[PDB]
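K.L.:
can't give you the sequence, but here's the structure:
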C-alpha cells in the first residue's frame, strides 16, 4: 500500500501476549483444584482406554 | 483501521504476529498430516467402490446383495 | 572405533546368517553341525563364528522373556515361566539357531528402506482408495488447530498453514472430480460406527463422494480457495484477519461435510454446522449489536430449517428404519402408495416428507418469503458474503433436491411448488437487484433470483441443467463479489454506488474483471449464463396450471440481469464522479506514482484472474460432458427421464421462434439501457444521431449479410 | 431445565416400553447440560457481579474463554448430532412421531425453534456487544478450574455417544 | 512490535488532522462563497457575521465543508460553532477528518 | 479472605530487588517515609504467559502407555474370545 | 485496561503487592483467583523445625 | 441368506467372459492399508520415532508439541480401531464374511 | 424384536450394497426381483423399528 | 487413593513458575517418584479392573 509500516517498526503490532488463564503464575497457594480436575480428566481417559476401547 | 494499543494481560488475537511462526507452522502442519494419514488408513479399511469399467457383478457371487432366508 | 567395530560385526553376522541359511534349508545340516557333539574344539567352533548369531540370539532370549513378564504383569496370563528356571530357557533359546532361518540382515534393511518409497505409489491405488479424504481431514484439522493455536501461529503462520491445507485439498479434489464426473467413479467411505439412535441401531459417520457430492464440493472448494487467497488482501490491516480466515475455513469444511453426507445424520450435522458457521461469519463484527440482529435472523431461519429437516428425517426413519441416503433413494418408491394419519388428515407419505424437505430447502436456498435473511446477511465481510451467496449456504437446498431426487419425482407437492416458487423467486430477486444501489445487496438479490432459477431448473426434470446453472452462477457470482469487495474497500466501506464513479482509472483490473464476470453472470447473449438460461427455458414444462404466472415471472427475471449488471458496472466505474473528494484526491497524488502503485492487491488481482480462468475451464468441461452430442456424464441416479434433451438436440421451429422472442426482448433492453439519456448532456443530440445511424447500419448489415453476399 | 425435564418425563408415560432408554439418556444429557449452563451463569455472576442481560454484555471481548464457552454451550444445547442431546431427541421424537405425529411436530416446533430462539437471543446478546462501562472493574479470563469443568462437560456430552448400545 | 511492557494511550497533540491545514482548507472553502467579499479579512478569531456569512450561507458553507473533509457535522455542533477557530478545532479533533 | 502463608519453605520466591530502590538520603521535611520492601517478582526468561509452559513428558508417556495397554489387552481379549491363545492372522484382509 | 497487570509479567509486581497508604493497614491484595481449594502449608520433607531459640535459651538458663 | 438376484447361466457367464468382461471380486487391502502387515507396523514405528524427534525439536524452538504427542498417542489408538473394525463380523458393501 | 430390527437393518444394508455394485440402469429390476418384497415384509407393523412399543397380542409375542 | 493423593500433593505446591522451580530443585529419584508414583498406582488399578472384566483364564483354547 501507499505508506506501510513493517512489523519490526510498528509500535502497535503485538507479539503474542496475555495470560492464558486467571491463575497467577507466581501463586504461592497449595491450590489443588486444577490438579484434581486434571486427575479427573486423566483417570476418565484411562478408564475409557483400559476398560472400554476394545 | 488505525492500530490502537491492546492490553498486555488480555489473551486476544488482535494484531498478533509471532516472530517464530515458521517453525510453528511446520510443527502444526506435519503432525496434523500424520494424524490425518492414520485416520485415512482407518477409514480406507471401510471403503466401498463400484466395479470398474468392463467389470460386472456375478449375481451368484457372495459379493452380490443377498436376501434374508426366513 | 565404534563405527568400524559395528561394520565388522554386521559383516560377520551377515556372513554367519548366509552360512546358516544356505546350510539349513535342505534339512541335512539343519541340526547336525549346529549343536554338534561337544568336542570342545567343535564347541568353540560353533560358539566363536556363529557368536554374532548366538549373542544376538541371547538378546532375543532375554528381550522376549522380560517382554512376556510384562504381559504377565499387565494381563495375568501364562503363569509366567514356572516350568523353566531361567537357566534352561536361556540355554535352550540361545543355542537354538532355528530362529535365524531364511533371514538375512541386509535383506531386512532393504525391506525397511523400500517401505517408504514414493515412486511406487501408482495411480490405481489413488483410483481405488480416495486420497481426497486425507486432504479433507488435513484441511479440517488444520483449521481446528489454528483456531485453538491462534497465538503459536501469527497472521502469517495461520495464513500459510491454512493455505497449504486448502491447496492440498483442492489439488486432491481436482483429480477425483475428473474421475467422478467423467469415468463414473464414486466412493462410500465409512468412518467407523458413530452413535446409537434406536434400540440395537447404530448409525455410522459415512460419506458419499459421488457426482452430486463432487460437484457441490468442488465448486465450494474452488470458490473457497480463491476467496481465501483474496481474503488476506481484503482484510489487510484489520485486527482479526486470522479470525476471518478461520471462520471462512470452518464454513467451507462444514459445507464440504454437508454435501458429502452418506447418511441423513451426517446431512443434519452438516446442515447445523453450515448454519452456525454462517451465523459466526455474519456476526463477525461482534462488537456491533446491529450485526447481531441480522446474524440472529439468519440463525432463526437456520433453526427453522433444522426443525424441518429433523422432522423429515424422523418420518423417514419411522417409515424405513434406515438413514443411509443410497438405500433410502433406491427404496422410497416402495412407499409411494402410503399415507400417514396426522391428526384429522391422511397425508400421503411422499407428500409430507417432500413438503418438509422442500420447506427446509426453500429457507436455506433463499426463496420468496424465506429470502428476507439473505439481504440482511450482507453485514458479513465480502469474502464471507462471496462464499455464502455464490455457493454453499444458498446451494444447500439445491443439494437437498438433487441428493433426494427419487423422492421429489413422486411428489405432487414438489411438482406444484418447485416451478411456481422458483419462478416467483427468480422474478422478485432479479427485479429487486435491478433497482438496488448497494453492490452487496444487488448481488444478494441476484443470488436470490438465480436460486429461484435453480429451483425452476430442477422442476424441469433435467439435473444436468441444474448442475450447469449452479456451477456457472457460483463461479461468476463469487468473482463479482470479490470485485465489488475491492471496490467497496477502495470506497472506504461505502457500498452504495451513488457515492462512486470514475473508478475505472483507480481500479482498472477491477473494472475489466467485473465487466467479464457481469457479462457472464447476467446471462447476456453469447455467454455461459446465456447458455444456462437457454437450457432452463428448453426444459420448462408447460403442463402447470399456473404456467402463465410461472412463465411471465421467468421471462421478467431472465431479462432483469441486463439491468443490474449494467447499472452496477457503469455506476461504479464509468459514471460521473459522485464520490467524495477525499477518495479520489488522496489516491492520485504525484508522489504515489510508482511501479508499485495499486489501489488493490497484486494477490487479489491474481486470485480473481485465476478464479475466472478456472471457472471458464470447469464450465467448458461440464458443457462438453453434458451438452455435447456424445453424452459423457456419469450416472445421476435418477430414473425419471423426460424429452427435454430433444429440444436441445433436434428443436422445432416454434421453440426457436420463442427463444428468438426472448433474445429480441433482451436486445431491446440493451438498446434502452445504452441509449436512454436520463440527464442533460452535451452529447444528447449526438447520442440520438448515433442511435439512428446504428439502426440504419444494422438494417443494411442484415440486408447485405443475408441477400447480397 | 423445566423444558428438558418435561421432555424426559414424557418418555416415561408409556410404561416399560422402549421409551425409557431415551428417558435415561436425556436424563444424563440434561444433567450435564444444566450443570454446564448453571456453571456458566456462576462464572458470569462471579466476574461481572450480575446475571441480567441489561447489565452485562460483550463478554467475548473482555473474557474470551467465557464467551467461547457460552457459544459452544449454545451449540451443544441446539442438539448438534455429535453429542448425546441429539440422540435423546431422536429417541423420544421418533417414538412420539409414531405415537402422535402432529403432537410430535408441535413439541419439536415449540421446543427446538421458539424456545431455542429465545434461549439463543438471551445468550447471544450477552456474548456480543461492547463492555464499555466500568472498565476499571472489568474481570479477567476463565481460571483453570472453570475451564476444565466446562471442558469435562463438553467431553462427556461428546464421548457418551460412544457408550455401549446394549443398554441404550 | 509491542515493547512487551505496558504502554498507555498516547494523546499526542490532540489533533487527528493538521490544524493549520484544516484551517487553510476551511478558509479557502469559505472564500469560494459569493457573499464573502474579502478572503484576506478571514481569521480564525473572526466571526461568521464579521466575515459576512448569514445563517443560510453558513449552512451551505458547512455542508460543503462536510463534503470536503469527509465527515458529517451534527446540527447541534454546527450551531455550537461561534468562530472559524471553533470550527477548525472541531474538525481537526474529529477522528474521521480526511 | 485468603489466609495462607506467603512465606513458603519448599522454595525461594524468584525476586528482583534492584527494580525499585528505596530512598535513603536527601529527604525533605514534607516527604513521606520510604518503603521497606521493594522486591518484585522475576519471571523466567523463557516463560510464555499465553500458553501451557508444560515441558515434561509425563502426560504423553502416561497416555501412550495406556493406549499400548489397551492395544495388548484388546489383542488378548480377541484371542480369548476366538478360543485361541494368540490371534490367527489371515493371509488376506478385505474391506468391510 | 492497558495498565492492568495483576501477575507482574509485563508490569513488575511487588512481593508486598501494594504500597500501603499512610492511613490504611498493610492488608494484602485480593487475588484474581479467590479459590479456597488450598491444602495446609506444605513444607519440604525432612524439614528441621525444632524450636532452636527456646532450646538455646533453656540451655543457657540450665 | 439367499442370492436376492435373478440367476444367470454358466453359458451366459462364459459368453460374457468371451466378450472381454471380467467378474467383479473384492481385492485384498494393501500392506499399507492392512493393519496386520509389517509395512503398516514399520510405518507406525517410523511415525513414533519422527514424532519423538520432532517433539524434541519443538521443545527446543518453542513450537507446539501437542500435535506430535497426539500422533504418538494415536498410533496405537488407530491400530486398535482398525483391528476392531476388521474383526467385527458386520459387513457393509465389502467382501462377504 | 431386536432380531426383526436386525432383519430390516440387514435388508437396508443389502440395498445399499446394490446401490453401489449395480448401476441405476438395471438396479430396480434386480431389486424388485426379491429384495422389495422382503423390504415390504419387514415394515412398520411387522417390526418395531424406532417405535416405542411393538403392539403385539399375546399370540404374536408367543410366535 | 495413593495415586490421587500423590498427584495432587506433588502438583499443587504453587503456581506454574513456583512448581517449575520446586520440581527443578529436586534430586532425580524425587522427580522420578513425582512422575512415576501417580501413574503406576492408577494404571495398576485399571489393569486389575481389566483382568476382572476379562476371561483369559478359560481353558477351552487351542
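P.N.:
Done, it's in. Numbers count the residues shown, from 1 in each chain, chains lettered A, B, ... in the order given.

K.L.:
contacting residues for the closest residue to residue C:398 other than its chain neighbours?
P.N.:
Nearest residue to residue C:398 in three dimensions, chain neighbours excluded: residue C:454, at 5.2 Å (C-beta to C-beta, 6 or more residues apart in numbering or on different chains). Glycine gets a C-beta too; all of them are placed from N, C-alpha and C. With contact taken as C-beta atoms under 8 Å, 6 or more residues apart in numbering or on different chains, residue C:454 is in contact with C:365, C:395, C:398, C:422, C:466, C:469-470, C:473.

K.L.:
and the gap between residue C:454 and residue C:672?
P.N.:
Going from residue C:454 to residue C:672 by C-beta to C-beta, to the nearest Å gives 28 Å.

K.L.:
same check on residue C:618?
P.N.:
Residue C:618 sits 34 Å away from residue C:672, going by C-beta to C-beta.

K.L.:
same check, this time on residue E:76
P.N.:
Noted for residue E:76: a distance of 46 Å to residue C:672, by C-beta to C-beta.

K.L.:
how about residue G:9?
P.N.:
69 Å.

K.L.:
now swap in residue C:616 and tell me
P.N.:
Distance, residue C:616 to residue C:672, by C-beta to C-beta: 29 Å.

K.L.:
when those two are compared, which one has more neighbours?
P.N.:
Neighbour count, other C-beta atoms under 10 Å in any protein chain shown: between residue C:616 and residue C:672, residue C:616 has more, with 15 against 12.

K.L.:
how many neighbours does residue H:36 have?
P.N.:
Counted with other C-beta under 10 Å, residue H:36 comes out at 16.

K.L.:
just the buried positions in stretch C:552-568, please.
P.N.:
Using 16 or more other C-beta atoms under 10 Å in any protein chain shown as the test for burial, stretch C:552-568 gives C:553-568.

K.L.:
what's the span of that stretch, first residue to last?
P.N.:
Across stretch C:552-568, the terminal residues are separated by 25 Å (C-alpha to C-alpha, to the nearest Å).

K.L.:
who's in contact with residue B:40?
P.N.:
Taking C-beta under 8 Å, 6+ apart, we find residue B:40 in contact with C:131, C:133-134, C:137.

K.L.:
mind listing the strands for chain H?
P.N.:
Assigned by DSSP state E, the strands in chain H fall at H:22-23.

K.L.:
which other helices and strands does the longest helix seen in chain I contact?
P.N.:
Longest helix in chain I by number of residues, with DSSP state H as the criterion: helix I:2-21. In this structure, helix I:2-21 packs against strand C:187-198, helix C:325-331, helix I:27-30, helix I:36-41, with contacts taken as 3 or more C-beta pairs under 8 Å, 6 or more residues apart in numbering or on different chains; DSSP states H and E.

K.L.:
the residue of chain G found nearest chain B - nearest residue in space that isn't next to it in sequence?
P.N.:
Closest to chain B within chain G is residue G:10: 3.9 Å, counting by C-beta to the nearest C-beta. Using C-beta to C-beta, 6+ apart and skipping residues adjacent in sequence, the residue nearest residue G:10 is residue B:8, 3.9 Å away.

K.L.:
what residues are up against the one you found?
P.N.:
Shown in contact with residue B:8 (C-beta under 8 Å, 6+ apart): A:17-18, E:2, E:4-6, G:2, G:5, G:9-11.

K.L.:
hmm, back to that, which among the buried residues of stretch C:552-568 gets closest to residue C:217?
P.N.:
residue C:561 (27.3 Å; C-beta to C-beta).

K.L.:
that closest one and residue C:524 touch, don't they?
P.N.:
Yes. Contact between residue C:561 and residue C:524 holds when scored by C-beta atoms under 8 Å: they sit 7.1 Å apart.

K.L.:
helix, strand or coil for residue C:202?
P.N.:
Of the three states, residue C:202 takes strand under DSSP: H, G, I helix; E, B strand; the rest coil.

K.L.:
how about the residues of chain D by chain C?
P.N.:
By C-beta under 8 Å from any C-beta of the partner chain, the residues of chain D that approach chain C are D:18, D:21, D:58, D:60-61, D:75, D:78, D:80-82, D:87, D:89-91, D:93-94, D:97-98, D:101-102, D:104-105, D:108-109, D:112-113, D:116-117, D:120-121, D:124-125, D:127-130, D:161-162, D:165, D:168.

K.L.:
in ChimeraX, how would I select just the buried ones from the residues you listed?
P.N.:
Burial among the residues of chain D next to chain C is assessed by 16+ other C-beta under 10 Å; the matching ChimeraX selection reads:
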select /D:18,21,58,60,61,75,78,80,81,82,87,89,90,91,93,94,97,98,101,104,105,108,112,113,116,120,121,124,125,127,128,129,161,162,165,168
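
K.L.:
give me the subset of the residues of chain D next to chain C that also touch chain I.
P.N.:
Applying C-beta under 8 Å from any C-beta, the subset of those adjacent to chain I comprises D:18, D:94, D:98.

K.L.:
that's a helix at the second one, yeah?
P.N.:
Yes. In this structure, residue D:94 lies within a helix as judged by three-state DSSP.

K.L.:
what residues are up against residue C:18?
P.N.:
Residue C:18 makes contact with residue C:104 under the criterion C-beta under 8 Å, 6+ apart.

K.L.:
who's in contact with residue C:532?
P.N.:
Residues in contact with residue C:532 (C-beta under 8 Å, 6+ apart) are C:465, C:468-469, C:472-473, C:523.

K.L.:
redo those as a markdown table? Include distance to residue F:58.
P.N.:
Below are the contacts of residue C:532 laid out as a markdown table (distance: C-beta to C-beta, whole Å):
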| residue | distance to residue F:58 |
| --- | --- |
| C:465 | 62 |
| C:468 | 59 |
| C:469 | 59 |
| C:472 | 58 |
| C:473 | 56 |
| C:523 | 65 |
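
K.L.:
that older thread, now, the contacts of residue C:454 that are in helices?
P.N.:
Filtering the contacts of residue C:454 for helices - DSSP H - leaves C:398, C:422, C:466, C:469-470, C:473.

K.L.:
count the residues that sit near residue J:14.
P.N.:
By other C-beta under 10 Å, 23 other residues sit near residue J:14.

K.L.:
ah, wrong one, I meant residue C:183
P.N.:
When neighbours are counted by other C-beta under 10 Å, residue C:183 comes out with 12.
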